[PDB]
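Notes for the one structure printed next.
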Protein chains: 2
Amino acid sequence: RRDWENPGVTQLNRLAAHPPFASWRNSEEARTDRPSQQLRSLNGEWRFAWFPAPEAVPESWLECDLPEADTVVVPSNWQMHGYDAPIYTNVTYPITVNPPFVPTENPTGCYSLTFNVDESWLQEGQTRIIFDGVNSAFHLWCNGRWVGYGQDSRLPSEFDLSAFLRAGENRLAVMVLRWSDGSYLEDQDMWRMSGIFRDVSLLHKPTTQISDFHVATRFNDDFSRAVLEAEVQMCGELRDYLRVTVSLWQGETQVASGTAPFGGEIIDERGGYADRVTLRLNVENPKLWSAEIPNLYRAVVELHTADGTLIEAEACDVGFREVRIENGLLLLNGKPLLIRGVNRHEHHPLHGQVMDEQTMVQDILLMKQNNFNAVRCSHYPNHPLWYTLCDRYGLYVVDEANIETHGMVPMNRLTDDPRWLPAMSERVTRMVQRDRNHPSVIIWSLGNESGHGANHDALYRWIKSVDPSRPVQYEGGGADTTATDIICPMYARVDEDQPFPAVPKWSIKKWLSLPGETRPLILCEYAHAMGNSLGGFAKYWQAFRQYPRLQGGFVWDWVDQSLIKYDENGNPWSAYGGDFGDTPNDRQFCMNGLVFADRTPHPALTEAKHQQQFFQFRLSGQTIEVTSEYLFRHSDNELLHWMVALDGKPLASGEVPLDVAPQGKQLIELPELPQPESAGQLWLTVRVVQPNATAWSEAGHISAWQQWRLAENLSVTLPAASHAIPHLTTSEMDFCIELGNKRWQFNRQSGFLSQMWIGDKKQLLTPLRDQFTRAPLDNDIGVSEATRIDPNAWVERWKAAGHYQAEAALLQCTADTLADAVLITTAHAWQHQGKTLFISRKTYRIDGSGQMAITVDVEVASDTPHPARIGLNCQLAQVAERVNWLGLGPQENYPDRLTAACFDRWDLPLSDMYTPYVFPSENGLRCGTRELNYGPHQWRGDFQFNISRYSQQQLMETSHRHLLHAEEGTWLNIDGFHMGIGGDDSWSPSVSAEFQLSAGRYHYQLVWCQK
Amino acid sequence: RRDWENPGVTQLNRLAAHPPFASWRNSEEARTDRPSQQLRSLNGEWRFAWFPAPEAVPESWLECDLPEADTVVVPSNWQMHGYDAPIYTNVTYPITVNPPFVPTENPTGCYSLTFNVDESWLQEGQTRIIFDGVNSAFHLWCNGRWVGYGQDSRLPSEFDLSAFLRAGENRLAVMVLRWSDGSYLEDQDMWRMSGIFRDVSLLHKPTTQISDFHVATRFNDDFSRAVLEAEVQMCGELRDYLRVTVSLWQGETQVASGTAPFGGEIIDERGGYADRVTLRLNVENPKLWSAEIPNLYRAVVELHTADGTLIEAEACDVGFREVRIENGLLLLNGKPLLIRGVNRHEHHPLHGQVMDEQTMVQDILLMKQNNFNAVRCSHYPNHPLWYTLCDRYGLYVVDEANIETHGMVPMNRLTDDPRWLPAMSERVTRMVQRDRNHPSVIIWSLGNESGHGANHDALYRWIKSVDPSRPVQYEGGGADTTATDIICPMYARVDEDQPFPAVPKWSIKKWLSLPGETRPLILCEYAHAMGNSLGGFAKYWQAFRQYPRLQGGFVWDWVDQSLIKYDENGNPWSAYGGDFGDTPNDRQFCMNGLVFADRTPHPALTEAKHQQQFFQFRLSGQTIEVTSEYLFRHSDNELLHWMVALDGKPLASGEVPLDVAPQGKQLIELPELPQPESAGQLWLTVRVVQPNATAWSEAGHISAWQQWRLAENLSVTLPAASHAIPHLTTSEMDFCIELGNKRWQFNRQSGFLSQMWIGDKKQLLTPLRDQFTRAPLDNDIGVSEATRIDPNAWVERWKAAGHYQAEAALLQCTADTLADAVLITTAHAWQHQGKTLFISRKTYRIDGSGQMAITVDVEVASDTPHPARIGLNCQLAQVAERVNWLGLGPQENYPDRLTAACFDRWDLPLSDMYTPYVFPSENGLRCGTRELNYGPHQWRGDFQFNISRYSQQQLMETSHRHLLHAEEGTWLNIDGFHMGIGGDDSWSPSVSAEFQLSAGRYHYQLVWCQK
């Protein structure tokens, strides 16, 4: 019997799912969550062996471990230890598509462990083992005797060893298989790893047990009186003297309690459950749970005798909140939620999908500090400690069943087949039974991207029938089917319609106005942050804040899924798909997160933080209108810090405390702002600073900022008459301008600024030319390979039009000396296969004061695709440690993503100017720059600049950031106009028409001088 | 691996369910449903062996059959061959309640068969075997090699033997198990039998096959244009030249056709089913299917090449009808249905649950001739030929999944457990996939009486999702849950409320008026016809006809489930529970049907026929208002036959043809009715006679009748003065009255009529006394045993009050001779433990003409339970072949069930006076009797009489009808007043207060004379 090639069998001798168990023998130990000696952790040093097929495993392994077997740690994935190559794939399966059969060459991992068992465990009670996660299917042996079989990978597998364990030395043999019939429901977008990647533990229970416990909460309209209903189940013998006490505690103070003998209310015609008891606990003025104030209660259930002797005590964390939908609005505690969620994948920086507490808490801190209040357990149930930490820290959780069939044709091939209904039934109902007692879990989910079948909606309202206290959503079928209470499309744009056949992704504003539609809309996946991405986030959040039924969304995703490889010298470097020999693979589509693998924040995280602030600001005259977006908390740990700056120079500042009601409005009256007579721009910047340190933030954390533009003083002064006039010399091939120490050189053959001389030091390695092309971004490439070309991609449109191949042709190049200047006129044209794409006419004015002025006027054809850039390109010959610029910053920004950047004077090292994207592309651009200083050079005007040690060409050719090499000198690209980056999705052109360089005629001015 | 003790496994290597297959290789053979040579029937002589446990089976049986094995026929149940004792139980399980474990002593039946296979079947294509039904679980071997495992009992099990069959002699080994984990879902109310009780067949298909075909019909509001949507699936290789033609035929004429190459519409984001094709056939003016006019079409699907070479053709019967619910009304073809259904169990008269075509057609004929238009496949899917015959003859079918958990505590113990969801999922979805193409199937059902769990409603709207064309109902949970579209209670009374805790059975009129209720009400089980039962059917059908949302119900049930046993001399006799040594057992609760085991109609079937007529009559003056209840047919095969009778003597008669529109109204004007001057009553009787013979009725069949009461002539004449006066002689202990040839004798010690003499012949064996007690009926006993007493039962109330034990005490007995009479006065009292229950005072008047008059005046206490009878008891000494009576008849009737009986002069043999109920009770009563003639005796007055050869006492003591012995002479019980029998249920007092003898004082007169 090949049980891994049969969907009809998913378990053998497996115990039922339940909330998580510790088997305390003392109520005080259960109350404070001290560790229980009845619960042993089997994580540690295990014996591992690898085989290319399950049939290749010798039967001598069942008796004793092989001498050739190595020793690994548990939990771990054997792919990271060299036994196999991990495969990543987005859509196509890593195996042949022939369900339910897997290929014969099935990688097999044989785990072995020897240990000791106390004799008190064998004398009484039941001893069970828990496998929190095994990818994918496994067979279990105890002392050479077969125990059971498991199939699910993200839910615990429990087996009984009471009749199998022996006193003294005991050996457990586990045969893990990489592929199984359940792997056809595991087509999620991650590195396809395998092994025992979660905790293994032993649990001991008495003869009469606590089988399961359900916790539910019921409120009134004012949320001042709450009823705590506790359903209690037992396994074992039925005696009259067994009693149950459910006690609620806040800190060390008991709130409510109740004792009832076993026996339930009459449900049907001849009685009810005799092994189930009901407890109704009354709480007066409870502290409601929320993402802002995570108020928690400790409920300790205990199974004891009428004399008071305790048999077993179980505890859980209880949060008093309700999630319900009326009038098409998702309400939590009576208030409409605004979800600031983000998709999260279990990806350890070093251990693959082996998840620990440290990285969990670091993730929660980084998410809460960046104004995220929700998380989507995508696309699988998570490690149960994650939900506990979400209770402790206050994050909303969307629990999702581990179901994805993205590789069938069509999408609903398996999900409409009734033969696969038992598999997804045991994959949904067990997770519902496990994580139903967590108040952080507020929305259930059936899975991601599996089409619409009858089994899906059947499970959806099975969850509605069993757990009515939580809404449940589903994507597949067009996000408008009967299997969802919340409209949840993938990457639906704010305004532009994309009508695909039979699954149309309408714009969310138009979607909510569809005939007969009433459900609220929360995006399960939107704003693809793949590399240099996340443009138009401001449009999404303006739509969310304007519309009452637009309740936010989940950004895909949090962390890049990149694995660490080593070079010939042992230096680590992040790797993506195809770097391990796996074929096929979607090449870098595993890096879509807002942070790196080592939890280093991307520049997009700052924009995501700014667009999700809980405080909104409006400047009217001299008053500031502060609007709070908090739903349940009062502003008690915030103060408003304003500052008025004239061109980066501070003039006035101060601190005002904040007192705003939840969803309230407060007026701040600023003192008399200073009125300067000097030229410049007055910028008013306000910040909300938290003085005290919370459980997720440190003292001085900034949560919101906003900056405006005050009264301006335009410069009407005139430069002084320079006593020295520039000397112009005409050569047969060259134009040279002298000012004494300063010398410029223009090449008449190329028509560009050839060289510049300060004393005897040359300043440029390549001549100052134009640049209408950037390194292609991840959103810019799309899903196009070298083998398969996508004509809709921007980069393919540019290289088909010859933007990357056009050669500059010199049309005119004249020089003439003026009264207090030397004037240079040039005019070029870029032609590809006889078609003129761009025409630029420059005017270099060399003043006697030393400043040299560049006026660029560019004509762009529109039949060719719109250029990504209109600007200048040069390579400086001097490498400076510090770079000064006055403008938006200090982080990387773009024309569609600049709302988070602040206009000020910024000083940064040159290494911080280049952000280290794993796939090299256009990066480091800073918009709204009025002045730029680098070494002895100063640039003034209105431009977008980026500065690095790497040329654009090297960023195009090189595919790994570790293969990039610093070039001689310093590369600089000053751009008068830049095209937005998009970010709605990474497979279609997502750049809005307002951010495309499509005017046709462009003009910008530059001033070059030495400071 | 014990697969029969595991709910997680229900099948191994079992093919998917589908509509029924024949694998024709010619479209003409498929069109007319000729037998296909590709489909072989394996029914015949099989080798059988019995074992007390599966572990006791030797492994030599896998190679060759045992020499000690006997030879039985297939399909058959081994319980009927003496290998085991069949167990019947209503509620309690036949095994211990410990799911999913069955007892170790598991009866096992090993079936073996040797046969030959043509070599053409092995060279190409796939050969599969079909097991239409095996009770309960079985393991299959082919040529000593294990093939698969099955668990379901009422759905086909299909396995592949293409890699297992060999040329020449082949042996199939089947090991059937009586109990399995699936048997916990088989707690239906039948004799728990076991074996291969349905057909076994071999089917051969090509390499490229027709996997499944869905047929759906869509109409407009006027039902004049219909769209035929055919979904076609394939298994095998995908080639471009495969084409599908769906052809619709009416008789030999083609109606519509369509040819399309394989490939479906785009359903999801990257395409649709490439192995599925869609055909839309347009039909102009289709003939709609209904229970009245079963118009059928033959749809032949064929899989052929583009050149026209046919590979495989499959055919099915298609009926153009729609079932839908709007405004709380169940509509078929736009008209509100009035269901006249009846519950039916697969119970063969001789072979248990081995069902053949002959008894199926006989059942359909008997049901249609008795005005039944629907059947409930209770509580399991049926043999697929039954649905085909329901299409052919026109019966509505309510298909029910084989699920019942009546033995758990509580009822929803398993159905709310998610671990059992795969089992009932494969038990529901497979039956949906199998019987979805039958137009007779109009309502789906989840099962019967299993409480309310989440899995139930999950499957309910799984059926809604997969098959929206049919409503689906469910009982459990109080018949008001979210798992049903039709309110379907068990045995809910018309008016009286029975509020059980948490599952209340409200009266249907009050139920429909509940707040927030909108669904229509169709009783899934009502009017328990257990033995002498079915009282108050007129009230039920008056409620059905008066209320628009009361759409009828299903009578439980059709046929008694009684097994044939043999006595010491070999005479067959029907037996009930406990007669085979089975313990426990509900003693005769398996006989609830309207017909006997041999399809002999009960007297209740006549009442069920009369209350379900499609023609309603109303007499106003001299006109007759005929109202048709047909929804789609015109009255073209009916004529109205009226007859006017004066005290059984016909005066005028004639025939009028009927011309009534469907749900129409017609006026019949009767000629001048005769006006007699003679005393008597004028009764007008009308009958609807079908002149032509339909497919279900013979020429002259009567479908409806109704009889009224016309003008009366009261008798004012006086008897002539008798010349002879009766002589009265007074003795010390006796009163003797002489009239010459006639002599009467009254015993002064007992106070009763001692003897009567005609010439020298004695006429009575026991003296004429009172009788206030009847033999207890099945509804009267209830659920009370000798071990367990139910104080609410009528018989227990009577025997606790001493009604069966009261002794008559003589109070007064006086005699006096009148001028032309001799007057006898007596007065008695029945006392039990010092409490007087009944007091009767009679007045015997002996006239000189020969008639003797009896006037009875009875005082009844009301603190004692109301008596079942107030009348006279005597045993005649003469046995007459013929009995004449003028009154209601000729069938058995009762005070609550007399609407079907007709007032006329009836002549019947004495053997037809006693109906042969298997459990003896009160039977043969005829109400409304004005004159009764038996031998030389004549009784006149107003009384209810029954006459038999068996005393009431013998009917009480004897429990089997075959143990009854004819007593000497003839027993006669004349009753002035009789108590109704009830019939709403057989476990609670169902007698209405208007049919209970509760007035307190009763009077009736009798006239005894010799004709």
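If you're wondering about the labels, chains in the structure tokens are A, B, ... by order shown, residues count from 1 in each chain, ligands from 1 in order shown.
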
- Please provide as a ChimeraX atom specification all residues within 7 Å of stretch 313-322 of chain A, with the sequence filter that same-chain residues fewer than 4 positions apart are discarded (counting only C-alpha atoms). /A:21-27,30-31,217,287-289,295-303,332-333,439,469

- Please, which residues of chain B lie no more than 8 Å from chain A when the count uses only C-alpha atoms, and can they be set out as a VMD selection string? chain B and resid 8 to 12 16 266 to 273 409 to 413 418 to 419 421 to 422 425 to 426 429 451 454 to 455 457 to 459 461 to 462 465 to 466 477 500 to 503

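For residue B:837, the residues within 10 Å (counting only C-alpha atoms, excluding itself and residues fewer than 2 positions away along the chain) are residues 801, 802, 803, 806, 829, 830, 831, 832, 834, 835, 839, 859, 860, 861, 862, 863, 864, 865, 866 and 867 of chain B.
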
- Selection: 8 Å around residue A:543, only C-alpha atoms, excl. self and same-chain fewer than 5 positions, as a ChimeraX atom specification: /A:494,509,550

- Item | Spatial neighbours of residue B:903, max dist 10 Å, only C-alpha atoms, sep filter under 6 positions, as a VMD selection string | chain B and resid 645 647 to 648 683 to 685 707 to 709 886 to 890 927 to 930
